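Written out below as structure tokens is the structure these notes cover.
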Amino acid sequence: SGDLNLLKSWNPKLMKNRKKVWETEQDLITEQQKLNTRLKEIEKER
Amino acid sequence: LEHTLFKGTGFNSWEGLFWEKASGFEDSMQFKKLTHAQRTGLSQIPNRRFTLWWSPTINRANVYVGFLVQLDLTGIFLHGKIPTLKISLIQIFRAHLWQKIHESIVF
Amino acid sequence: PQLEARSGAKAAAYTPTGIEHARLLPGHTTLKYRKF
Amino acid sequence: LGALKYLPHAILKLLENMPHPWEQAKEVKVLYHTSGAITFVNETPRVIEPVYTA
Amino acid sequence: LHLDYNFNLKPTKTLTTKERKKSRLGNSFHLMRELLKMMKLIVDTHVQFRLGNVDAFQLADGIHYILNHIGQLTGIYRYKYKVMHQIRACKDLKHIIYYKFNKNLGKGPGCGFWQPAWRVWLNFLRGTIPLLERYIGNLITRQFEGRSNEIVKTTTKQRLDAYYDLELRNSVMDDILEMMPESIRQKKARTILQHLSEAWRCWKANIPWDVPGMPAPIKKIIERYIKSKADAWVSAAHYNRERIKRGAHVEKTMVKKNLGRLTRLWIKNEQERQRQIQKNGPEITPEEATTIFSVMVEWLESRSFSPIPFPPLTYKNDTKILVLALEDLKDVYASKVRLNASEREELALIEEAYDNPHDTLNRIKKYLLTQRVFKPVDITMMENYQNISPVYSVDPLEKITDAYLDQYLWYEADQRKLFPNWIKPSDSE
Amino acid sequence: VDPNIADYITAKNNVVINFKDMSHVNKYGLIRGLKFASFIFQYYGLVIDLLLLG
Amino acid sequence: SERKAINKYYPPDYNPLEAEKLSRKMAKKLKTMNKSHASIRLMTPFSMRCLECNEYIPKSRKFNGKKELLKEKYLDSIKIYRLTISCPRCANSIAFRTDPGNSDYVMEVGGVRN
Amino acid sequence: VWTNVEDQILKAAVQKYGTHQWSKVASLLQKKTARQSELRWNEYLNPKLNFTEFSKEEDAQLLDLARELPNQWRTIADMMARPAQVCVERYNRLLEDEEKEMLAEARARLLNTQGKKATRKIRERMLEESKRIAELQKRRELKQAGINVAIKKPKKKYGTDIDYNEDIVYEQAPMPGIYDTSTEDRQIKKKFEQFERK
Amino acid sequence: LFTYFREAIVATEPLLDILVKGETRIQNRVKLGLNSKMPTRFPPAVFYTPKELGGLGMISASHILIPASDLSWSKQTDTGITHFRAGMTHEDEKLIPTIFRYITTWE
Amino acid sequence: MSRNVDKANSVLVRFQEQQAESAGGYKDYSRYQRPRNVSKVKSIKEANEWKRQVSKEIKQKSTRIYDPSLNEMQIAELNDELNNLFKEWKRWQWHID
Amino acid sequence: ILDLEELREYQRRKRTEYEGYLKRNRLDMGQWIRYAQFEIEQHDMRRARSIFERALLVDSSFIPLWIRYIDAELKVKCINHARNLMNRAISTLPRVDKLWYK
Amino acid sequence: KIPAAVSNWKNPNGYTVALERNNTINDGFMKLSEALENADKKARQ
RNA sequence: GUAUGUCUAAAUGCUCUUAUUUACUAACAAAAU
């Protein structure tokens, strides 16, 4: 075999980890969007 | 299904069930190379899970010559050393799960 | 390195081990002979 | 430790002497190392063939 | 490793690796354990019977079960898998006996009649007695007095080749020693060995191994031994190939070696052929060639073939052709997920071409015009196990051009009727 | 074909073949692998066909 | 005795829950398990220079590192790790972090990427 | 595209490595490719190739060849003993930081006849030596107290080559045997006692 | 194999034999992974069941009752389809369909 | 549980150790960390063991700090570590008995 | 190398090293002579003598070893032993010129 | 005396070294050409 | 195939958290329509 790190959890370049990260971002991002819009609305009202 | 562990999952019926569903994953999918967005629409069924799925046929009582070991801290007989199956079983019944189940039932 | 070629083999005699080798087991006790 | 050599022989002997279902308990001849290391059932169980069959 | 009183051995903790290494018992000890377990099982049943725990009939049945189920009840077969025969026999007996015994009577447990099974097991044990006495006895001897100087054996598939090589080297050294006087020859031996190795390498490559300082005799001797090696090697390779063709227990590694070696041989042959050609002109005599040319010309005239021109800049379907070529190229990679560096480069090039069609076309044209010297074509050969094929991997940059040419020329032919009706593979059927 | 094109083809066939450590200039005989080679092969075979027929 | 061993022997009195509890009680006292910088084997993805002795440890070179958890996570629920290494020649502690925002690593006062 | 420093490095590597080992060399030159490297070497670097021009006769010969082996140009080159591209041309006729860093790397490589096992072993030896000296120092420090030097722990029944005398071969009892030898030996040994004392 | 010579397979017995063998080998590969190959522990369920019910989803051409014949009179002289040979496995009267019957013969 | 440490601190092993401690009195004073505040150790044997352990540690420290690359900062750090160890040892030689 | 014990430790180590090198390349004969020299330096004449003998046994047909040994014997003004050695050498190998000359 | 050869494939020590690493063709190769060119000319004319 | 080597003088109970893993090992193997 060649590159060992590819068979590690901690390795971020491992695909599973990347996927997890994306998911985290996606959820968090969505939340931000939800809140961001609200904030914008509030600003407009003001 | 009756061959498989399907009934052990505790679902009513095989309609609208799938594997490895997850979320959509395309925007951050340009790290790959001539993969055509997704490599295969077909589910790969990694054999660790395959064994588990067909565990109730693969491990079974009508065996020819399997030395029936009782698995560690569980009531799950293995008729011979079958490789991935055992690991899967252990994972399932981690942290003395069998005992917990039994005791829970009793309670 | 130690991946190394060589100079000579060996032949040194110790006390026999008394181990029951598989091949050493008896077989063809009868020796044949010629006619004369 | 030495006796492992003959333990399979011993096993074979004992098994051979298995009391048959028409027999509550068989007495059997026994050799045994005075050290207590191994015990051979010594007798070899012979029968009157027709009688045995019956 | 703790023994149950039922003889099922298993470990207390999870063993570290050193411990594991120390404590892997082998085919003797395990067999013995299995035997003991079996004994216990029959003995245990009788004990139970003696005690008020179980009826006589029940005891009999238990015994029968044990004897048939040896296979399931306890691993002997694991350690010695000719006990499998015995197991099979027992099963057969059960099948027979049960069918005889449950004729008018129905299916259920409670069939005694352990006799034939018992007999079978006894007979099996007979064989073991000897094997165990050699094995277990040997083990105990080792434990008391553990071997001095074992001798490995080159009749093994593994280690054979290396051993052979070593022997050859030794022989060569001996020959060289015989040849001429030396002072501090040990140092020189190494040098000689190195030289030999180099020669061998050259032979493998098909490089002529000419060194100026090498004196005639020594050099000659080295050459002879490399020839010998080749003879031994080539023949061996051939044998391996034959085996592969048959389907005769070839080692994966061995097969790979054969594929490689055979490829090398093929290459060597090719270059020899080339050399021969260079030496003694083409096989085709000039007159014959001329005649052929004339014939071709005549054919062309008959067909009234408009010769294919060089691609103009403002050719009608040029871009389309290029696109087609690009697509084709992609279709080499679009499937596979893995890509080496060269492949990646090729992909990049293709992408660039796609982006900038006009530029790429121009470049291609330029290449066609000017480029008469090219990058070297590396060849792998593939293992179609019957017969190996070559694979010529052309450089990514030139490859595109080649593809384009293929696309264009074929199209032109189709348009203009170069190939007649009868040459069928080219056709779309 | 255009003489230039022909020249290009011929040179292209006439390459340095490599393999591991050995390499050789392919001074004679068409290389099958290179993309256009198929066309060339076909053309060659046409000649053969013609010869066969008359 | 064999790596694929199905069942490890337990004593005849082994209340598993109780055993676990006991272990826990004797885990705070324990030397290993109650510590940071637990070992790991890893190849080096960055391909970098050891800052002390300028030893050019290249890509994919294997080392027995120490992985430790960084308490300050990335975003919220995706951990990041310090991965200690030693340079071959001089024994300077190189390390790096795995910030997964870029799908790559960050150097941590050890060496420099090049 | 090929820079001159890089070319030089490649050449150096080839003398260090081997004209049939184009992976290591490629690695050494971070931007250029393995299969490309070899090609480059073939083209420019190898001295036996006569990249320089030649007389009119040679040119004439080349042109003749071109006529009579229609642009079979590698073959022509081979015949000449010349490189190909150059021959073809003749026929037709009739950043800094990176450099610094790469050079440094390359230099380190080519010079150092080392790796894992070579570097490790020497280092280990050095460490051992250091340990030994530390031990000696410690004993010196605690000299007023009686102290014994620790022996190398045995692994499987070996000899400590101070005592016992190792596998002795005889003096071989000869004919002109004289007994002064023993005396001489004794005398020699007397001196070493004195040395020990001081 | 089958799409290329759809019609022309049926007649050649050697090819059929190879298919049977090849298929079996493939099956055993999977069973090699599971470190057994006990014929009961792999009922055709686990192989031929599609991936959409967790199986491997093989596409058998092995469960055909192969034409046997008088090998005395087969290579020699003339032939007719008499005596079928076993085909590939023990079945639970589970007639696994064969890819050929889902491919339209070339004629 | 690759690399041995995991195996050592696997639950079964721990349980075994506990059992040993209970019955017969096998402790491994290597295995547990030595306590910070002495005078929470009424037994003498335990104290002695602890002292021994600390001595061993000190010795280990000493062995390494005379290595050839003397100018490196690790050695310097250890010098303080060594001092600390010495202090600990001294403390362990308390005068209750 | 301050004390006697230290010297012993050093010397012992050296001897061990020499042994190790020998065990692999027993048939070397450069190593053996080096070892002999070391022994001589250490002023253990016995040891040196033994080493030389061992070397000779390994390779009797090696004049350099013989000559060096002779030199060593002579160096320590131990002439009679040296003479004996020379005689032995002569007996072993007449048709080598050098021993006789020596 | 035999030289100290240096391998183009192997350097155990990595010890660098200062670069230590027929024209007539058969009648055919001219004759063939003559046949060909001449033939071409004939075809043209 | 879960590497390895040196190094060794002779606070008590309590409970609560889980639909997981700071998990570790890579010796093993590597393809498409």
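Each chain in the structure tokens gets a letter, A, B and so on, in the order shown; residues start at 1 in every chain, and ligands are counted from 1 in the order they appear.
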Give me, as JSON lines, each residue of chain K that comes within 10 Å of chain C, together with its shortest interatomic pair and the distance in Å at one decimal, counting only C-alpha atoms, with rows ordered by chain and rising residue number.
{"residue": "K:24", "atom": "CA", "partner": "C:6", "partner_atom": "CA", "distance": 9.6}
{"residue": "K:25", "atom": "CA", "partner": "C:7", "partner_atom": "CA", "distance": 7.8}
{"residue": "K:26", "atom": "CA", "partner": "C:8", "partner_atom": "CA", "distance": 9.2}
{"residue": "K:27", "atom": "CA", "partner": "C:7", "partner_atom": "CA", "distance": 7.4}
{"residue": "K:28", "atom": "CA", "partner": "C:7", "partner_atom": "CA", "distance": 9.0}
Subject >> Spatial neighbours of residue 2 (chain M), 7 Å, only C-alpha atoms (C1' of nucleotides), chain gap at least 5 places, as number ranges by chain >> reply: J: 2-3; M: 25
Print the selection's residues with C-alpha atoms (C1' of nucleotides) to a file, as a PDB file, in the first residue's frame.
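Wrote it out as result.pdb, contents follow:
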ATOM      1  CA  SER J   2      -3.649  -1.906  18.798  1.00  0.00           C
ATOM      2  CA  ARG J   3      -0.269  -0.817  20.237  1.00  0.00           C
TER       3      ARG J   3
ATOM      4  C1'   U M  25      -4.343  -1.110  13.679  1.00  0.00           C
TER       5        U M  25
END
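Residues of region 68-99 of chain K that DSSP, applied to the backbone, places in helix (DSSP H, G or I): residues 68, 69, 70, 71, 72, 73, 74, 75, 79, 80, 81, 82, 83, 84, 85, 86, 87, 88, 89, 90, 91, 92, 98 and 99 of chain K.
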Selection to disk with C-alpha atoms, as an mmCIF file, in the first residue's frame:
data_model
loop_
_atom_site.group_PDB
_atom_site.id
_atom_site.type_symbol
_atom_site.label_atom_id
_atom_site.label_comp_id
_atom_site.auth_asym_id
_atom_site.auth_seq_id
_atom_site.Cartn_x
_atom_site.Cartn_y
_atom_site.Cartn_z
ATOM 1 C CA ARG K 68 52.350 -9.284 11.263
ATOM 2 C CA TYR K 69 52.195 -11.948 13.976
ATOM 3 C CA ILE K 70 55.961 -12.427 13.742
ATOM 4 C CA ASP K 71 56.487 -8.677 14.008
ATOM 5 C CA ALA K 72 54.260 -8.552 17.083
ATOM 6 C CA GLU K 73 56.219 -11.393 18.667
ATOM 7 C CA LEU K 74 59.486 -9.592 17.949
ATOM 8 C CA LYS K 75 58.119 -6.202 18.978
ATOM 9 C CA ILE K 79 62.498 -13.499 20.433
ATOM 10 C CA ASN K 80 62.386 -17.207 21.241
ATOM 11 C CA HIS K 81 58.605 -17.366 20.863
ATOM 12 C CA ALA K 82 58.941 -15.324 17.673
ATOM 13 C CA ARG K 83 61.596 -17.733 16.408
ATOM 14 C CA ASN K 84 59.300 -20.676 17.124
ATOM 15 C CA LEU K 85 56.455 -18.962 15.283
ATOM 16 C CA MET K 86 58.715 -18.333 12.295
ATOM 17 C CA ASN K 87 59.765 -21.983 12.271
ATOM 18 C CA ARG K 88 56.125 -23.057 12.360
ATOM 19 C CA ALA K 89 55.323 -20.740 9.463
ATOM 20 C CA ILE K 90 58.219 -22.161 7.457
ATOM 21 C CA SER K 91 57.008 -25.695 8.135
ATOM 22 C CA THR K 92 53.503 -24.754 7.012
ATOM 23 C CA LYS K 98 58.865 -14.455 2.275
ATOM 24 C CA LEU K 99 58.801 -16.364 5.558
#
Mind checking which residues fall within 6 Å of region 12-29 of chain C, counting only C-alpha atoms (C1' of nucleotides), ignoring those fewer than 3 positions away in the same chain, and posting them as a CSV table (one decimal) with N, CA, C and O atoms, in the first residue's frame?
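Final output, saved to out-v4.csv:
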chain,number,residue,atom,x,y,z
E,134,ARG,N,4.3,-38.7,17.2
E,134,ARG,CA,5.3,-38.0,16.6
E,134,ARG,C,5.2,-36.5,17.0
E,134,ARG,O,6.2,-35.8,17.3
E,138,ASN,N,7.2,-34.8,20.0
E,138,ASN,CA,8.2,-33.9,19.4
E,138,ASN,C,8.2,-32.6,20.1
E,138,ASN,O,9.3,-32.1,20.5
E,147,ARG,N,15.9,-27.8,19.7
E,147,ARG,CA,16.7,-27.8,18.4
E,147,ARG,C,17.9,-26.9,18.3
E,147,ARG,O,17.9,-25.7,18.7
Residues of chain J within 9 Å of chain G, counting only C-alpha atoms, as a PDB file with N, CA and C atoms, in the first residue's frame:
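Below is the file that was written, selection-v1.pdb:
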ATOM      1  N   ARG J   3      -1.389  -1.469  19.540  1.00  0.00           N
ATOM      2  CA  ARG J   3      -0.269  -0.817  20.237  1.00  0.00           C
ATOM      3  C   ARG J   3      -0.267  -0.878  21.763  1.00  0.00           C
ATOM      4  N   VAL J   5      -0.880  -0.518  24.711  1.00  0.00           N
ATOM      5  CA  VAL J   5      -1.368   0.347  25.789  1.00  0.00           C
ATOM      6  C   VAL J   5      -2.853   0.083  26.038  1.00  0.00           C
ATOM      7  N   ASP J   6      -3.588   0.037  24.933  1.00  0.00           N
ATOM      8  CA  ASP J   6      -5.038  -0.195  24.967  1.00  0.00           C
ATOM      9  C   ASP J   6      -5.337  -1.533  25.632  1.00  0.00           C
ATOM     10  N   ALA J   8      -3.455  -3.205  27.670  1.00  0.00           N
ATOM     11  CA  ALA J   8      -3.088  -3.073  29.086  1.00  0.00           C
ATOM     12  C   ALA J   8      -4.243  -2.470  29.876  1.00  0.00           C
ATOM     13  N   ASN J   9      -4.828  -1.406  29.346  1.00  0.00           N
ATOM     14  CA  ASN J   9      -5.921  -0.713  30.015  1.00  0.00           C
ATOM     15  C   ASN J   9      -7.287  -1.175  29.494  1.00  0.00           C
ATOM     16  N   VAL J  11     -10.609  -3.494  29.862  1.00  0.00           N
ATOM     17  CA  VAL J  11     -11.357  -3.606  31.101  1.00  0.00           C
ATOM     18  C   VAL J  11     -10.992  -4.884  31.827  1.00  0.00           C
ATOM     19  N   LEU J  12     -10.842  -5.974  31.074  1.00  0.00           N
ATOM     20  CA  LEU J  12     -10.590  -7.288  31.635  1.00  0.00           C
ATOM     21  C   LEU J  12      -9.321  -7.276  32.482  1.00  0.00           C
ATOM     22  N   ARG J  14      -7.829  -4.709  33.779  1.00  0.00           N
ATOM     23  CA  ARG J  14      -8.061  -3.846  34.940  1.00  0.00           C
ATOM     24  C   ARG J  14      -8.729  -4.640  36.059  1.00  0.00           C
ATOM     25  N   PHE J  15      -9.746  -5.396  35.664  1.00  0.00           N
ATOM     26  CA  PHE J  15     -10.516  -6.233  36.587  1.00  0.00           C
ATOM     27  C   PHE J  15      -9.596  -7.227  37.286  1.00  0.00           C
ATOM     28  N   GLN J  18      -7.403  -5.578  39.793  1.00  0.00           N
ATOM     29  CA  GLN J  18      -8.215  -5.266  40.974  1.00  0.00           C
ATOM     30  C   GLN J  18      -8.336  -6.494  41.867  1.00  0.00           C
ATOM     31  N   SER J  30       4.229   0.932  39.505  1.00  0.00           N
ATOM     32  CA  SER J  30       4.474   1.457  38.170  1.00  0.00           C
ATOM     33  C   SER J  30       3.165   1.912  37.520  1.00  0.00           C
ATOM     34  N   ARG J  31       2.152   1.052  37.575  1.00  0.00           N
ATOM     35  CA  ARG J  31       0.903   1.279  36.845  1.00  0.00           C
ATOM     36  C   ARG J  31       0.092   2.487  37.275  1.00  0.00           C
ATOM     37  N   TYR J  32       0.044   2.789  38.568  1.00  0.00           N
ATOM     38  CA  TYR J  32      -0.708   3.959  39.024  1.00  0.00           C
ATOM     39  C   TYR J  32       0.231   5.148  39.171  1.00  0.00           C
ATOM     40  N   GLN J  33      -0.320   6.348  39.001  1.00  0.00           N
ATOM     41  CA  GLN J  33       0.442   7.585  39.200  1.00  0.00           C
ATOM     42  C   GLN J  33       0.694   7.758  40.698  1.00  0.00           C
ATOM     43  N   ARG J  34       1.904   8.185  41.063  1.00  0.00           N
ATOM     44  CA  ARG J  34       2.236   8.407  42.473  1.00  0.00           C
ATOM     45  C   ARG J  34       1.498   9.642  42.977  1.00  0.00           C
ATOM     46  N   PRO J  35       0.950   9.575  44.204  1.00  0.00           N
ATOM     47  CA  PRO J  35       0.147  10.691  44.706  1.00  0.00           C
ATOM     48  C   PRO J  35       0.962  11.970  44.944  1.00  0.00           C
ATOM     49  N   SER J  69      23.660  15.807  22.308  1.00  0.00           N
ATOM     50  CA  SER J  69      23.100  17.113  21.950  1.00  0.00           C
ATOM     51  C   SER J  69      22.690  17.867  23.219  1.00  0.00           C
ATOM     52  N   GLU J  72      20.343  21.358  23.423  1.00  0.00           N
ATOM     53  CA  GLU J  72      18.885  21.298  23.230  1.00  0.00           C
ATOM     54  C   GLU J  72      18.135  21.559  24.543  1.00  0.00           C
TER      55      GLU J  72
END
**OP:** Could you list, as a ChimeraX atom specification, the residues of chain G having an atom within 9 Å of chain B when counting only C-alpha atoms?
**Re:** /G:4-8,16-17
Original post:
Of the candidates E:220, E:212, E:337, E:412, which one gets nearest to residue 39 (chain B) if we count only C-alpha atoms?
Top reply: E:337
Original post:
Rounded to one decimal in Å, what is the spacing between CA of residue 155 (chain H) and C1' of residue 6 (chain M)?
Top reply: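 Value for the CA of residue 155 (chain H)-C1' of residue 6 (chain M) distance: 12.8 Å.
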Original post:
If we count only C-alpha atoms, which residues of chain J reach to within 7 Å of chain E? Please list them as a PyMOL selection string.
Top reply: chain J and resi 4+7+12-13
Original post:
Which one is closest to chain H: L:30, L:35, L:5, L:43? Count only C-alpha atoms.
Top reply: L:30
Compute the chain H side of the contact with chain K at 8 Å, counting only C-alpha atoms, and hand it back as an mmCIF file with C-alpha atoms, in the first residue's frame.
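Result file follows (iface_19.cif):
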data_model
loop_
_atom_site.group_PDB
_atom_site.id
_atom_site.type_symbol
_atom_site.label_atom_id
_atom_site.label_comp_id
_atom_site.auth_asym_id
_atom_site.auth_seq_id
_atom_site.Cartn_x
_atom_site.Cartn_y
_atom_site.Cartn_z
ATOM 1 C CA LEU H 136 31.686 7.154 33.962
ATOM 2 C CA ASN H 148 31.251 -1.022 40.345
ATOM 3 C CA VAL H 149 30.705 -0.428 36.611
ATOM 4 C CA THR H 160 32.149 -11.039 28.842
ATOM 5 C CA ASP H 161 35.417 -10.849 26.943
ATOM 6 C CA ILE H 162 37.464 -9.462 29.875
ATOM 7 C CA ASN H 165 40.002 -15.466 27.743
ATOM 8 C CA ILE H 168 41.834 -19.619 23.018
ATOM 9 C CA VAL H 169 44.056 -21.245 20.438
ATOM 10 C CA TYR H 170 47.328 -22.675 21.699
ATOM 11 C CA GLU H 171 50.837 -21.223 21.715
ATOM 12 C CA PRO H 174 57.662 -25.913 19.568
ATOM 13 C CA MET H 175 61.237 -27.273 19.600
ATOM 14 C CA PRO H 176 63.334 -24.190 20.572
ATOM 15 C CA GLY H 177 61.239 -23.546 23.701
ATOM 16 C CA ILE H 178 62.604 -21.053 26.240
ATOM 17 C CA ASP H 180 61.870 -16.212 29.441
ATOM 18 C CA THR H 181 58.568 -15.541 27.674
ATOM 19 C CA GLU H 184 58.543 -11.065 30.018
ATOM 20 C CA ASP H 185 54.761 -11.350 30.255
ATOM 21 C CA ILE H 188 54.676 -6.363 31.105
ATOM 22 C CA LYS H 189 51.786 -6.960 33.495
ATOM 23 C CA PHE H 192 49.868 -2.163 33.976
ATOM 24 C CA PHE H 195 48.986 2.387 35.460
ATOM 25 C CA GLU H 196 45.823 1.175 37.179
ATOM 26 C CA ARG H 197 47.045 2.585 40.488
ATOM 27 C CA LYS H 198 47.638 6.003 38.851
#
Which chain A residues have any atom within 9 Å of an atom of chain B, and for each, what is the nearest pair of atoms with distance in Å to one decimal, counting only C-alpha atoms, rows sorted by chain and number, as JSON lines?
{"residue": "A:19", "atom": "CA", "partner": "B:25", "partner_atom": "CA", "distance": 8.0}
{"residue": "A:22", "atom": "CA", "partner": "B:28", "partner_atom": "CA", "distance": 8.1}
{"residue": "A:23", "atom": "CA", "partner": "B:23", "partner_atom": "CA", "distance": 7.8}
Writer output for current selection, C-alpha atoms, as an mmCIF file, in the first residue's frame:
data_model
loop_
_atom_site.group_PDB
_atom_site.id
_atom_site.type_symbol
_atom_site.label_atom_id
_atom_site.label_comp_id
_atom_site.auth_asym_id
_atom_site.auth_seq_id
_atom_site.Cartn_x
_atom_site.Cartn_y
_atom_site.Cartn_z
ATOM 1 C CA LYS A 19 -18.931 14.655 4.647
ATOM 2 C CA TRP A 22 -20.188 19.503 5.250
ATOM 3 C CA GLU A 23 -23.267 18.306 7.123
#
**OP:** Report the distance between CA of residue 14 (chain D) and CA of residue 45 (chain D) in Å, rounded to one decimal place.
**Re:**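 Straight-line distance from CA of residue 14 (chain D) to CA of residue 45 (chain D) works out to 10.4 Å.
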Contacts of chain H with chain G up to 12 Å, shortest pair per row, only C-alpha atoms, as a tab-separated table:
residue	atom	partner	partner_atom	distance
H:27	CA	G:58	CA	10.1
H:28	CA	G:58	CA	10.9
H:30	CA	G:114	CA	10.7
H:97	CA	G:114	CA	11.2
H:98	CA	G:114	CA	9.5
H:101	CA	G:114	CA	9.0
H:102	CA	G:114	CA	10.0
H:104	CA	G:56	CA	9.8
H:105	CA	G:56	CA	7.2
H:106	CA	G:56	CA	10.4
H:107	CA	G:56	CA	11.6
H:108	CA	G:56	CA	8.8
H:109	CA	G:56	CA	9.5
H:112	CA	G:55	CA	11.5
H:114	CA	G:89	CA	10.9
H:115	CA	G:88	CA	9.4
H:116	CA	G:88	CA	8.0
H:117	CA	G:88	CA	10.8
H:118	CA	G:89	CA	11.2
H:119	CA	G:89	CA	7.5
H:120	CA	G:88	CA	8.1
H:121	CA	G:89	CA	11.5
H:122	CA	G:89	CA	10.6
H:123	CA	G:89	CA	8.2
H:124	CA	G:89	CA	11.2
